[PDB]
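Here is the structure we will look at, set down as structure tokens.
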Number of protein chains: 2
Amino acid sequence: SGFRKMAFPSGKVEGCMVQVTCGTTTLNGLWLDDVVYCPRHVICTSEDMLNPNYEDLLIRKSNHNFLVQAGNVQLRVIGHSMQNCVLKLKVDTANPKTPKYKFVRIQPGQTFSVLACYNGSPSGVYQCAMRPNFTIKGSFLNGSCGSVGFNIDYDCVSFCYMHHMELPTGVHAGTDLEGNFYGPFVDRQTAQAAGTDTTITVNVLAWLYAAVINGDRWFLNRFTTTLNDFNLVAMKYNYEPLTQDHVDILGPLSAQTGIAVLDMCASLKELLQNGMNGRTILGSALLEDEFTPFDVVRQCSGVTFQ
Amino acid sequence: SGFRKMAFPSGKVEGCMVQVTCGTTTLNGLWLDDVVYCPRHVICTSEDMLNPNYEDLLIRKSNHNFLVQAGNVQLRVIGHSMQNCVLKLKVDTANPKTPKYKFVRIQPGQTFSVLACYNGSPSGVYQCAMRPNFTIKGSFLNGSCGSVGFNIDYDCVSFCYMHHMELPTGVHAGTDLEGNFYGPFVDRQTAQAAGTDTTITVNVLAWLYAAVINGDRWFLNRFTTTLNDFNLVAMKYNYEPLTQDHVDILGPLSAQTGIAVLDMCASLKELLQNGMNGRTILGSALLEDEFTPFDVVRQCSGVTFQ
Ligand SMILES: CCOC(=O)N1Cc2ccncc2C1
Ligand SMILES: CCOC(=O)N1Cc2ccncc2C1
């Protein structure tokens with residue numbers, strides 16, 4: 001027992017991180033097979049980032065202007081192309097450490113691990129969620145761009161995020177591995193307002209189930225509710241609406257605990273209306289929303305990777 | 001910017017995890033050079049764990065009774081010895097993935113990463129602290145024993161923890177890699193009371209400095225205090241006493257922020273006496289104590305490993 005914010009083991013992804021330098025800009029690249037993926041803003045000067053025309057900036061770049069370093073080895077660039085907001089740099093050597101992998105575009109409320117890197121070297125790993133406003137609350141310093149977010153299903157790494165931008169408010173924006181930003185964000189140093197950071201209701205309910213499984217039961221109340229009644233209250237507290245699809249996904253945690261999903265919704269409703277009265281749940285004084293139902297099952301059943 | 005509970009990248013340690021089976025008991029081992037380290041309670045039956053005599057149980061074990069599996073390969077055991085509460089199993093093959101490593105015994109309040117494993121396979125990585133009562137608040141299920149805690153200094157892994165026990169209260173006990181338990185705990189299924197889980201004051205102050213660096217400044221007050229005045233208040237709230245050694249260690253964060261350590265102590269004192277009034281600091285509604293000063297500097301300066 002015990003319940004922790006747990007990242008995937010990072011070894012498979014560590015073996016894919018490289019350094020990419022264009023002129024005076026250095027950031028991280030992801031080396032899979034004979035392609036290195038990196039943010040296209042590697043081609044920009046600080047000045048350019050105000051109003052970059054990426055197609056025009058690319059005209060003045062050749063294969064030999066992209067410096068790709070894997071530890072101590074230079075990789076030979078034999079081709080480059082822009083796909084949305086990423087560069088694909090073709091190299092003459094397939095990464096010998098390429099794991100089985102996929103590129104997936106995730107939905108808001110889905111969680112993933114980030115391997116924060118500087119100069120192609122891993123600094124740390126942590127668990128994130130795609131927020132409902134399509135930002136993530138990461139830990140990223142200058143030079144972290146091209147750090148990736150991923151999930152692992154046994155031996156297959158699903159890459160879902162590449163880091164591109166910090167907004168003026170200190171939250172983070174980036175792309176999938178096809179270079180499409182999550183949400184309305186652009187790779188330009190302009191005014192980009194994040195919308196309302198709503199709470200991922202289905203994830204709070206998952207984490208309440210995790211709490212019960214781990215013996216933290218004080219918040220279980222004597223009530224039930226309906227989806228409509230719950231959603232009227234949830235909306236007021238900037239909670240995402242709960243759907244029948246969400247209820248269905250929580251079914252297995254409902255069965256393991258014997259607590260009906262709508263009963264757990266009525267417990268949550270009372271926590272929202274009454275607060276935690278200075279109590280904690282799984283060592284938190286607020287309602288955690290960065291565990292999915294799949295995460296809770298995974299961590300509570302000890303599923304393995306390799 | 002942004003501030004996350006960040007683990008070390010786990011790849012170096014993933015390459016060291018094996019499965020150890022003795023009779024009907026399976027747990028995890030750590031394979032470094034030609035030695036596998038695992039909890040000695042691998043030799044116990046559920047029945048034995050009530051009152052085990054490990055020396056007597058060991059008499060009935062030979063090298064060929066320890067089944068060591070590294071993925072699909074069996075390792076040949078050519079020697080075994082008991083060191084405190086760990087078994088050292090000599091194998092005929094040096095781990096080709098052995099990183100540079102050390103065995104260190106940590107002090108209460110020090111943090112480390114845990115790679116939670118089942119059947120010698122990594123499930124997840126998370127950051128822990130050695131509590132002042134020498135427990136850790138982990139995430140461990142049956143089969144997790146022999147999972148390790150570690151820190152990395154560039155290319156050298158410092159192993160500081162091996163998982164052995166869950167106490168009746170659902171907190172965790174284990175050893176250093178010489179097999180000496182942290183605190184008074186024993187590898188016996190008996191009544192073992194954890195003492196007071198005090199808050200690691202120096203770590204709370206580090207995290208307050210992290211908050212200021214990341215622009216979360218609302219709690220900065222107009223007061224200062226002294227070590228004695230602060231410590232009288234801290235004691236009342238089951239905070240560890242702050243020493244001049246602690247003040248000295250916070251010196252660099254003091255200098256970067258221009259906030260005197262005793263000023264930050266007076267801010268903390270007001271948070272203890274007044275609570276957070278429903279506000280958050282770095283997205284937490286309680287005072288986080290599982291970041292060291294070295295962790296804050298590391299995460300705020302983007303230090304790298306490889
Ligand atoms: C000029 C100082 O730059 C920063 O502080 N950054 C840029 C940057 C870019 C992407 N993620 C995080 C950060 C933090
Ligand atoms: C009989 C059921 O056993 C458990 O629930 N454990 C044992 C155990 C041993 C070490 N860490 C965690 C756990 C959780």
Side-chain angles (χ1 to χ4, degrees), chain A residues 1-15 17 71 113-128 136-144 152 154 166 169-172 214-216 275-276 278 280 283-287 298-306, chain B residues 1-15 17 71 113-128 136-144 152 154 166 169-172 214-216 275-276 278 280 283-287 298-306:
Chain A
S1 59
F3 201 75
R4 277 281 185 183
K5 194 154 274 171
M6 188 173 288
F8 294 92
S10 61
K12 276 173 166 41
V13 176
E14 291 168 52
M17 304 307 310
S113 301
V114 169
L115 179 63
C117 297
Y118 298 92
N119 297 296
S121 287
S123 122
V125 66
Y126 54 86
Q127 196 65 3
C128 274
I136 76 167
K137 298 171 115 152
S139 191
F140 292 119
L141 300 167
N142 192 209
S144 67
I152 313 181
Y154 180 43
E166 189 167 271
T169 48
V171 298
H172 302 115
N214 283 283
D216 220 354
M276 261 160 289
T280 65
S284 172
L286 43 75
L287 306 167
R298 172 171 333 100
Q299 176 164 171
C300 291
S301 69
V303 318
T304 256
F305 310 103
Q306 256 177 14
Chain B
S1 59
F3 201 75
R4 277 281 185 183
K5 194 154 274 171
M6 188 173 288
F8 294 92
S10 61
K12 276 173 166 41
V13 176
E14 291 168 52
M17 304 307 310
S113 301
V114 169
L115 179 63
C117 297
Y118 298 92
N119 297 296
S121 287
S123 122
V125 66
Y126 54 86
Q127 196 65 3
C128 274
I136 76 167
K137 298 171 115 152
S139 191
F140 292 119
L141 300 167
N142 192 209
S144 67
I152 313 181
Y154 180 43
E166 189 167 271
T169 48
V171 298
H172 302 115
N214 283 283
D216 220 354
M276 261 160 289
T280 65
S284 172
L286 43 75
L287 306 167
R298 172 171 333 100
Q299 176 164 171
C300 291
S301 69
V303 318
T304 256
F305 310 103
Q306 256 177 14

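In what follows, every chain begins at residue 1, and chains take the letters A, B, ... in the order their sequences are listed. Atom set for the values below is all heavy atoms of this structure, side chains included, hydrogens, waters and symmetry mates excluded.
- B:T304 places no side-chain N or O within donor-acceptor distance of the main-chain N or O of A:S123, the cut-off being under 3.5 Å.
- Side chain of B:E14 to main chain of A:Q306: no donor-acceptor pair is present (N/O by atom type, distance under 3.5 Å, no hydrogens or angles).
- Both the backbone and the side chain of B:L286 come within less than 4.5 Å of a heavy atom of chain A.
- Judged purely by atom type and a 3.5 angstrom limit, B:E166 uses its side chain to pair as donor or acceptor with the backbone of A:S1.
- The minimum heavy-atom distance between A:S121 and B:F305, with the atom names listed, is CB-O, 3.6 Å.
- Here B:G138 is the residue among B:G170, B:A116, B:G138 with the most heavy-atom pairs under 4.5 Å with chain A.
- Only the backbone of A:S284 comes within less than 4.5 Å of a heavy atom of chain B; no side-chain atom from C-beta onward does.
- Residues B:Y126 and A:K5 come closest through the heavy atom pair CB-O, 3.7 Å.
- For chain A, the option among B:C117, B:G71, B:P9 with the highest count of heavy-atom pairs below 4.5 Å is B:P9.
- Among the candidates A:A285, A:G15, A:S301, A:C128, the residue making the largest number of heavy-atom pairs closer than 4.5 Å to chain B is A:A285.
- In this structure, chain B has heavy atoms under 4.5 Å from both the backbone and the side chain of A:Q299.
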(request) Check the pair B:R4, A:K137 against side chain to side chain contact (heavy atoms under 4.5 Å, CB included), reporting the backbone distance first and the verdict last. (result) CA-CA 9 Å; B:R4 277 281 185 183; A:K137 298 171 115 152; 4.1 Å; yes

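- Each of A:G124, A:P122, A:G11 has some count of heavy-atom pairs under 4.5 Å with chain B, and the biggest count is that of A:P122.
- Your options are B:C300, B:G215, B:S113, and the one with the most heavy-atom pairs under 4.5 Å with chain A is B:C300.
- The candidate with the highest count of non-hydrogen atom pairs below 4.5 Å against chain B, out of A:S144, A:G278, A:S139, A:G2, is A:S139.
- Annotation: maximal heavy-atom pairing with chain B below 4.5 Å, among A:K12, A:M276, A:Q127, A:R298, occurs at A:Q127.
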